Amino acid sequence: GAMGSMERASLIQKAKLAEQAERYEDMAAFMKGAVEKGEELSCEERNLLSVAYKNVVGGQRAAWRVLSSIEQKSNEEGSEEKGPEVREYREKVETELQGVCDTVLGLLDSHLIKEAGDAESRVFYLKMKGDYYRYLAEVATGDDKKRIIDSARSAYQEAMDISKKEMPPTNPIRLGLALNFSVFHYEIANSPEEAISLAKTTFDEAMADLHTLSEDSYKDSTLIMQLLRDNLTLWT
Amino acid sequence: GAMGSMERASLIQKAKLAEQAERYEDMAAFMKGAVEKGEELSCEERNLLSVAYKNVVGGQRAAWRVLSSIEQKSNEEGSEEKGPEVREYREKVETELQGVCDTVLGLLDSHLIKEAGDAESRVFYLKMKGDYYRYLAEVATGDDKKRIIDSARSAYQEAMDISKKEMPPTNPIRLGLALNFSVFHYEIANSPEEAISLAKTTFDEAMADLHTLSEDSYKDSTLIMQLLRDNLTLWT
Amino acid sequence: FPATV
Amino acid sequence: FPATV
Ligand SMILES: COC[C@H]1CC[C@@H]2/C1=C\[C@]1(C)C(=C([C@H](C)CNC(C)=O)C[C@@H]1O)[C@@H](O)[C@H](O)[C@@H]2C
Ligand SMILES: COC[C@H]1CC[C@@H]2/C1=C\[C@]1(C)C(=C([C@H](C)CNC(C)=O)C[C@@H]1O)[C@@H](O)[C@H](O)[C@@H]2C
Ligand SMILES: [Mg+2]
Ligand SMILES: [Mg+2]
Ligand SMILES: [Mg+2]
Ligand SMILES: [Mg+2]
Ligand SMILES: [Mg+2]
Ligand SMILES: [Mg+2]
């Protein structure tokens, strides 16, 4: 596409500059261009890709939630019918969000996942696949809502199976995957008990593996562990 | 343009929704579409237009500053030549910023300013004109840098002359105009003494007019007065 | 909302 | 940076 003429290393460089500048749409476009060069991504490059799109779709989600809440109140008993505008603009944001999710899912399917053989890349990408189907599910209503939910579940489950076989319990990717799959259970799949069980088991098994880590590996790990605890406190 | 098929009232409605959602690019596009309907803007609509574009160009400016600082350090003695990427990406953001400023200046010239006859609209739009030429000046270097600076000065000055004749000293538009013209003097025109004199005179003359106001008019006014004082404290 | 990473 | 409105 429009990044086809730019060197891979230059795209990576500019993705890092965009991050520093909090220009996440640009970041995402640079990283999409880098993925489309066809080479596998390194560990640091995978993080650039995920950060970029997480921040883009995060903003879209926050806006969608604002508009959906306005829309719902606008459809209460005793609310003045204020016309089609709120629905229209919610739909506009929704379609843009879906477009970004489809773009990410397309990068993962062409051809990041199929070429990822090491656990740390394969689980990373399958977690992203679950995440972006989850974001599609957050806005889904039609005939394919259940299929979108199952697509998210299936990606998360494959990631979970690999992570438990191939990674230590304190691995940050394993921990973040469990965090998000637990949220998927609570918020998407109407399975709060599974969400709580997964978060607690994950936390406890990570606690018992901390003793093997250096001081630095004891960081993003206890960081994500605190998010698991935060969620458990919200949920119980 | 792309808003040509949407009702003016619907564009205004959606601009307010975009603001609530912190979707300022959308906000700006809706308000551009509203301006292009060709009718004058009300007081509230003028505020929607200015907020939208202020937030868009504000983000671009913040990013430009991050990248320009990286670029400058990259051009220090003993800095590894890291290639053209930082300059390129700074230029990309700069060109996009210039594009937004040109769009705003085009709306003001076609035909907001020429149809604005009441002081509160004419000063408002001329202040915006000064502001967006100021943002162009912040990134300007070539043959027309001095002309861009003088365009900003000329718009601010016409706004100042009208505001002093036609508005009370506590009028928030008059106060905000003086605030920004003072910053123009300090940061753009290399005239810190004029900046300080303007901020102090404005503050003192507003102080002496507060007694005429209701409790609410005593609000955005003392709000902007505090910004004048903040700047004076930074500058002295 | 609950936390995700 | 100084304040503007
Ligand atoms: C596809 O899922 C990516 C998830 C899995 C967990 C974690 C992930 C994303 C990123 C790149 C990382 C984060 C850690 C928690 C950041 N630390 C701090 C703030 O102190 C947050 C970032 O969003 C990484 O650093 C972390 O190593 C890994 C990759
Ligand atoms: C073209 O220049 C617009 C400037 C002139 C001063 C002020 C302006 C902009 C807006 C629309 C307004 C502001 C006041 C200060 C907001 N108050 C608070 C936060 O408590 C900030 C907004 O950016 C307005 O409300 C204020 O009335 C006027 C219009
Ligand atoms: Mg090459
Ligand atoms: Mg839809
Ligand atoms: Mg289990
Ligand atoms: Mg009409
Ligand atoms: Mg340039
Ligand atoms: Mg004077």
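Residues numbered from 1 in each chain as written, not as in the entry; some residues may be left out. Chains lettered and ligands numbered in written order. Heavy atoms only, no water. Residues with missing side-chain atoms left out of burial classes, pairs and counts.

The name that the PDB entry assigns to chain A is 14-3-3 protein sigma, with the source organism given as Homo sapiens. According to its PDB record, this entry is titled "FC-NAg stabilizer of 14-3-3 and ERalpha". Among the UniProt annotations of chain A, the heading Sequence similarities holds the following wording: "Belongs to the 14-3-3 family." (UniProt positions renumbered as here; feature names shortened; annotations may be inferred.)

*Asks:* Any details on unusual backbone geometry? Residues and values, ideally.
*Replies:* All names here are of chain A. Geometrically, the link from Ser 110 to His 111 is a cis peptide bond, its omega value of 15° lying close to zero. A positive phi angle is found at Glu 22, which is not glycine, with a value near 60°. Note on placement: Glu 22 falls in the loop between α1 (8–20) and α2 (24–35). (Helix = DSSP H or I, 4+ residues; strand = E, 2+ residues; numbered from the N terminus.)

*Asks:* Tell me about a negative patch on the surface, and name the residues and values.
*Replies:* Residue and element names in this part refer to chain B. Among the surface-exposed residues, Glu 40, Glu 115, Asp 118 and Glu 120 lie close enough to one another that they form a single negatively charged patch. Relative to the elements of secondary structure, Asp 118 occurs in the loop between α4 (85–115) and α5 (119–138). For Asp 118, a relative accessible area of 59% corresponds to the exposed category. (Patch = residues over 30% accessible without salt bridge, like charges linked within 9 Å, V, L, I, M, F, W, Y side chains within 5 Å. Areas by Shrake-Rupley, 256 points an atom, 1.4 Å probe, with all protein chains shown as cover. Salt bridge = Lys/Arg side-chain N within 4 Å of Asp/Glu carboxyl O. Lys, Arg positive; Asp, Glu negative; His and termini not counted. Charge placed at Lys NZ, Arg CZ, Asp CG, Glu CD. Buried < 20%, exposed > 50% of the residue type's maximum accessible area, 1.4 Å probe, protein only.)

*Asks:* Can you tell me about the site of ligand 2, naming the residues and giving the values?
*Replies:* Surrounding ligand 2, one finds B:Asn47, B:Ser50, B:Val51, B:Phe124, B:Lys127, B:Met128, B:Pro172, B:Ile173, B:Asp220, B:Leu223, B:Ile224 and D:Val5. Take B:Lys127: an N or O atom from its side chain is 2.8 Å from an oxygen atom of ligand 2. In isolation ligand 2 has 610 Å² of accessible area, and contact with the protein removes 71% of it. Mapped by element, the contributors of at least two residues to the shell around ligand 2 are α3 (43–74), α5, α7 (172–188) and α9 (217–235) of chain B. The residue makeup of the shell around ligand 2, split by class, is eight nonpolar, two polar and two charged. (Near = heavy atom within 4 Å. Polar contact = N/O pair within 3.5 Å; in protein donor to acceptor, adjacent residues only side chain to side chain. Nonpolar A, V, L, I, M, F, W, Y, C, P; charged D, E, K, R; others polar.)

*Asks:* Give me the relation of the copies chain B and chain A: which residues, what numbers.
*Replies:* When chain B is fitted onto chain A, the two copies agree to an RMSD of 0.0 Å after a turn of 180° and an axial shift of 0.0 Å. Viewed as a symmetry operation, the transformation between the two copies matches a two-fold axis. By C-alpha distance to the rotation axis, the residue of chain B lying nearest is B:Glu25, at 6.3 Å. Interface overlap between copies: 100% of the residues of chain B at the interface are likewise at the interface in chain A, consistent with a symmetric, same-surface contact. (Least-squares fit on C-alpha atoms. Contact = heavy atoms within 4.5 Å.)

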